Structure formats: C-alpha cells, structure tokens
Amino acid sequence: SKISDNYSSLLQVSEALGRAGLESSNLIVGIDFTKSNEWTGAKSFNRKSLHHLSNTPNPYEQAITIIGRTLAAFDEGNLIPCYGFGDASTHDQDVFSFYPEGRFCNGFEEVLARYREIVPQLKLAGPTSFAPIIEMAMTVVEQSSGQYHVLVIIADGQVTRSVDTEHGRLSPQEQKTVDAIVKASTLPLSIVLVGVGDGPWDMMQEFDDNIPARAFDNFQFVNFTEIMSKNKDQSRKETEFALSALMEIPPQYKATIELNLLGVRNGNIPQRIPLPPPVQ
C-alpha cells in the first residue's frame, strides 16, 4: 500500500521504531551531479549552481550537514558508502564511489569534505536517471545478505523526461528509474529522496506516492528547500527534516519483515560495480 504521514513529531517516530524493535541499520549516500543543478537554483539559490562552492553553503552541503546532525544514529558503524552520479564519467549509466578502491566515508564530516574536494573537479553532465544509484544500493544490500539499508539521495529532482510529451508516457530514464524502484522492493531497502533547488517536484511526489507495481512503499520524498525556507529556528528546521526523512522508516522496516526481505538474500540482483572517482 501507500504510506501516509502517520507521525506528527520526531518522538512519535522514535517510539514506533522502539516498538518495531529496530536493532540495526545502515546508510547509503547518492549525490546528483547532473547539469540541471546549474539552473535548478534560479529561485532558491540566487541564480547560482546548486553545486557552486563559496563563502555560503550550497544546498547539497546544507543537506549533507543536516543529515549528519539528525540521521547519524541510523548508520551503526558511522561508515557510509557514498556515490556520485550524472557526472561526465557515468552519465545515466553508472555511479562512481567517493573513494578509489571502494573505501567508505568516516562519518558525514568526511562526506562534506570529500564532497567539497570532489565537485569542482567534475563536469556536470547527464542525462538524469536514478536507476544506477538505486541499483548500486541494491547490490550493496544484496552483498551484506539482506541487511536493512536506507538509501539517501540528494538531487534536484529533474529526472530526464520530455517537456511535451504530456503523454503520461515514460522517457527511458523514467522507465529505468521506476523499474529500479520496483526491483528494489524485492529487498530490505528504504529510499529517501532529499530534494534541493527549485524543483518542480511532481515526479518525486509520484515516486513517493504512486508506483503501483512495487511490493511496498519504499520511497519517501523530502523537500529540503521548503523545510529550510520556512519561518523558524535552526533547531526546529532540523527536527522537521528528521521527521520528514524518517516518516516512512517504521512502516517500511516492518514491511521488510512481513514480506520476508530482512536478512534474506534475493539471488537475482545483478552485481553493479561503481566507477572510481574521476579526480586526483
């Protein structure tokens, strides 16, 4: 079924996870390095690229930071695989790992630093598909033999489509991404989409709420730019991000149990190999 917002506070989600008996989880990070990032900051980031580095934090950095402050507990070893995608070296075909021989990030401090070290060495390209980052997360979950993971994707949300067409028919990047979201539901994987820039967000909301062919609701959408733009403290913006990020975790974790996915190896998950980072 489709999972509504069933928690109105951060504490409520805590308690549901407590009743759910969650003992173990890990995180995987995916970052959109597609070229749309250069204009999806028109309204929300002062006509600067969403990946532009300067004296002020860009929205990817804010997301990397807020994520580190709020969601940290959900990676049991503070060791996080990270992956870029959409850059010139992977296009809509591959991902690349943040580090040469697979090595993971030591906490989100490193994710922020490694992100800073990397993004201006990149050619932002495309097209935009989520199929490779999601298939990479699948391989990850499959190799740990069914250990529960949450995939956090930070992206401007503009998966490649055509403007008109209004067909309601899917581009190749739309079909491969949807086919991935459906395939991922045969594994203990939660997907969390952290959306930055101006949007529009109608596709991300479709991924969140309306993907009939999947076995359970495995996708959540977070409008980061909405949460940040609001009228309140920095504290309460972080609580709000965390509630939004975690809103579907308890149902989805229970689904991985009731659908027999947790700790179960699927056996039909193709082994995706990440590319090394295209950097120095």
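Heads up: residue numbers just count along the shown sequence, starting at 1.
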Mean C-alpha B-factor higher for 214-222, or for 228-236?
-> 228-236
Going by the B-factors listed in the PDB entry, is the mean over the C-alpha atoms higher for 47-55 or for 245-253?
-> 47-55
Report the option among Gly195, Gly84, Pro100, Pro188 whose CA atom has the maximum B-factor in the deposited record.
-> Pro100
Of the residues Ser162, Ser89, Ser129, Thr139, the one carrying the largest Cα B-factor as recorded = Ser162
Sort the modelled residues of this chain by their C-alpha B factor and say whether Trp201 lands in the lowest, middle or highest third.
-> middle
State the tercile, meaning the lowest, middle or highest third, of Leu262 with respect to the CA B-factors recorded for its chain.
-> lowest
Relative to the other modelled residues of the same chain, rank the CA B-factor of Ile64 and answer lowest, middle or highest third.
-> middle
Compared with the other modelled residues in the chain, in which third is the CA B-factor of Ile118?
-> middle
Where the record places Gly146 (Cα B-factor, split into thirds across the chain) = lowest
